[PDB]
Structure formats: structure tokens, C-alpha cells
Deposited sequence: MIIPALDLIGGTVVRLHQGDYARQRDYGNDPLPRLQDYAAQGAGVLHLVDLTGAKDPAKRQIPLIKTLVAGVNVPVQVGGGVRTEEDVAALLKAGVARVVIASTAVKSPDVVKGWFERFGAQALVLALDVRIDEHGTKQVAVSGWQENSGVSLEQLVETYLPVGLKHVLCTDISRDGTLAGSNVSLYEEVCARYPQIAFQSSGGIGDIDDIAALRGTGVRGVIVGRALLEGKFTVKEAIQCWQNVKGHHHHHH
């Protein structure tokens, strides 16, 4: 599947205007089966989580939305789910407190959670996990972290290369019971084609859509070959 994405700061798409709803509705009209939203306001301060806006967006489309940004606590997860999101995207907390997040898998179910991992390939060829582009590696490999969560039924992993087709081939082959999503590196429609044979289950596309390089419809046609 193609997974269209939007980042939101105080109601604004990032500056591509402040009306995300018609955009999301048109993404769905073209055949998207899932949408990806990042709450940048919530990421900066979870007390200012854009819950009202998320409710409206979710209510206004007919497809599941996975939402991330400052999901730090069990209460954050619960609030998003209650607002009607389909899946909560867990990022830094998944790296920093795996035993706590394993508890979340137990409470909410693996269908409700996506682990978002930023990956750097280091000098020794190891896929290092990092909690953001701005920070050093955290000392755990992608494989070790995935294997940490497999015993609670991990199903969805969103992998961003912040340092690669080979990367996706390898991890997808190693964990065929996991549906991997790729993020980043989609600058044009040929990049979607390059991911087709890899085993990646979902391709997140954000900026390319906003810049009008191609449409969701064309992305899906390419992806489905």
C-alpha cells in the first residue's frame, strides 16, 4: 500500500496552508487505504496535543489514520484511540522504555500500535536505531529492538533511513511476520517502483505529494504495478 502523510503544526500543513481536511479527503478519494499524520505540536509539548483537530480529520475521512507525535504515556495512546485514530505511532518511547511499551501491546493490541524507528547504518554495517535525526545512535540495533517486541506480537514497524533498498530487503526477509513501512527517500515516482520488489508492505509518501511530483493515484498504480 501507499500511505500518504501530512505533518501538522498548530493546524498548518508543513507551509502548505492550514486546511488539511480537503487534502486528506482527496488522498482517500484517490484510493489510499490508510493515512499517516504527525502532530508536531504534540511532539513539542504533549499538553498542546491537537486532539480537537485530530478528531475532525479522522471523522472527515473513511480510512484508518495512524497518528504520531509526542506519544509518551499510556494516557497519550488512550486519548488518541478515543479520538478515533486507528493506530498510534510510537517513536522515542519505544526505544527508551521497551518494557513499558510491551505493556501497551498487551493492553491495546498489536493492531493498534506502529513502532517508528529511525535507522542509521554505521561504519560496521550495523543498522543503528536513533530516536531522531538530531541525536546520536542509542546503542541498539534495529534487529535487537524488533526482537524485543516480537514476543508481544509486534506487527507494524515504520523504518526511516536517516543515514536504502538493501536495508528493506534484509529486514523484511528476516522478519516476514512483520509488515514494514518505509519512510523518507521518495523524491519521485521511480523511488516507489524501486521499493516494489523488496518486501516492504507500505510506503509513506509526504513531501512528494505536497510538491506535486505525482498524485496518490499515480503512486498506487505504480506500486500495484
item	value
Regions of the deposited sequence not represented in the model	15 to 25, 175 to 182, 245 to 253
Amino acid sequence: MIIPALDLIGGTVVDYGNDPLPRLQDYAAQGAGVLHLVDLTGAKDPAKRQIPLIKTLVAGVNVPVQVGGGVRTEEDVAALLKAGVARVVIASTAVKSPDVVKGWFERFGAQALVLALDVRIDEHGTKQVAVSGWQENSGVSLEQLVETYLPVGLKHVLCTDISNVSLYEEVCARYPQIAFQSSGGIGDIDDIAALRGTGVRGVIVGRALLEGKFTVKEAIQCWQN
From here on, numbers count along this sequence of modelled residues.
| query | finding |
| --- | --- |
| Between 141 to 149 and 118 to 126 (mean CA B-factor, as deposited), the higher | 118 to 126 |
| Which of 153 to 161 and 187 to 195 has higher mean CA B factor, as the PDB entry lists it | 187 to 195 |
| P176, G31, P46, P64, ranked by C-alpha B-factor: the highest one | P46 |
| Largest Cα B-factor, entry values, listed residues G17, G212, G206, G202 | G17 |
| Chain third (lowest, middle, highest) by recorded CA B-factor, residue given as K82 | middle |
| B-factor third for the C-alpha atom of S92 within its chain | lowest |
| CA B-factor ranking of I54, expressed as a third of its chain | middle |
| Entry-reported Cα temperature factor of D39, expressed as the chain third it lands in | middle |
| Third assignment of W134 from its chain's C-alpha B-factors | highest |
